[PDB]
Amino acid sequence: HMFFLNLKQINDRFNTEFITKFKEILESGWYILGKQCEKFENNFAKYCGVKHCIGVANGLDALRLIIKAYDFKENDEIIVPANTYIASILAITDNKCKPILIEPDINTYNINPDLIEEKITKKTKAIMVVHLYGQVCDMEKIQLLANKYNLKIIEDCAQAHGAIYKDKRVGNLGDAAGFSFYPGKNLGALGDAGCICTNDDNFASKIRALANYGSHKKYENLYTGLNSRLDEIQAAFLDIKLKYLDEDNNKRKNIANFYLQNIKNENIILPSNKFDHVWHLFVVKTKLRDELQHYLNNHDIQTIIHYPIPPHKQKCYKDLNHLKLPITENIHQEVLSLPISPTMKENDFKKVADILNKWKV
């Protein structure tokens, strides 16, 4: 059985270092807000090319905390791609802001920048761009809109660790950026973990307070905060793995290229990489998606859908269910993710392509 994402294969590379660092932390007696956190933050900040990184508890927390720190009014509006993972939307509604859902470009699976300005109102306060599946979104027009309309740009970078746009990295393309390090993400922890990146000194400081009980100083709560922290342990495991992230992303680039050069089936629409793509998910598109997933499972190849029900169609967002978002809807009906990971074996990726080429519907 070929797994969609074999985390034991990904992480076995680092077992001895993981165990050493675990023993070190034991020796230290310090498990929360310690030297591993500081060191990982400083390294990931350098990696993204930003001044400040704040470790927090997970990627949803990361986005929720960014939005919280801005102190928007209830029902203030945040423009966001309609086809992102529901956690992007959860972060907006958690803060009692209104998600304003915008269709993706079929050629990027990212928000179509050309469709944003028409949905801007007096209540719009922010654009949340999502670098979906690993590809950076085209920022040129979004930055111009944010300047014109006094909007914040919030990046959800959970699927695109390390992706590059012009001279910069995802994480450094707007005002503040949220990352997940959920274990299955391009840089994965061994438990829940996240961070926030920004260049703004005051914002950074506010976010640190907000994620630590709203406290700058022992005893004292300046803000109504959260408990959203990155464990020393997880910070340590992340910093070991961070030294290999660009290499890991390049290994995914090699697999994606093999898929793109070798899969030739009229029933399958392959993904493109207009801008830099770190290939968190390798997403194909077909009218016979359920049939493809079943066929692949018959051939011992596990595949997962990202995603089959769009946020506006979820039961939790009943008041959005009526929205007509046909591009987003069609994508959800037709997409399927092929296995891909940095450590994936050649014989496994060749088999995936060969089996897809044999699929004759």
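Position 1 is the first residue in the sequence shown; the rest follow in order.
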query: Higher-scoring stretch by recorded Cα B factor average, 282-290 or 209-217; finding: 209-217
query: Of 35-43 and 303-311, the stretch whose C-alpha atoms average the higher B-factor in the entry; finding: 35-43
query: Options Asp192, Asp246, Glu117, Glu74 - largest CA temperature factor per the record; finding: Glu74
query: Given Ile92, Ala158, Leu260, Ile106, the residue at which the Cα B factor reaches its maximum; finding: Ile106
query: Record-listed C-alpha B factor of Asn273: chain third; finding: middle
query: Where the record places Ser337 (Cα B-factor, split into thirds across the chain); finding: lowest
query: Third of the chain's Cα B-factor distribution that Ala235 belongs to, per the entry; finding: lowest
query: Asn254 CA temperature factor, ranked by third within the chain; finding: middle
query: Third of the chain's Cα B-factor distribution that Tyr182 belongs to, per the entry; finding: lowest
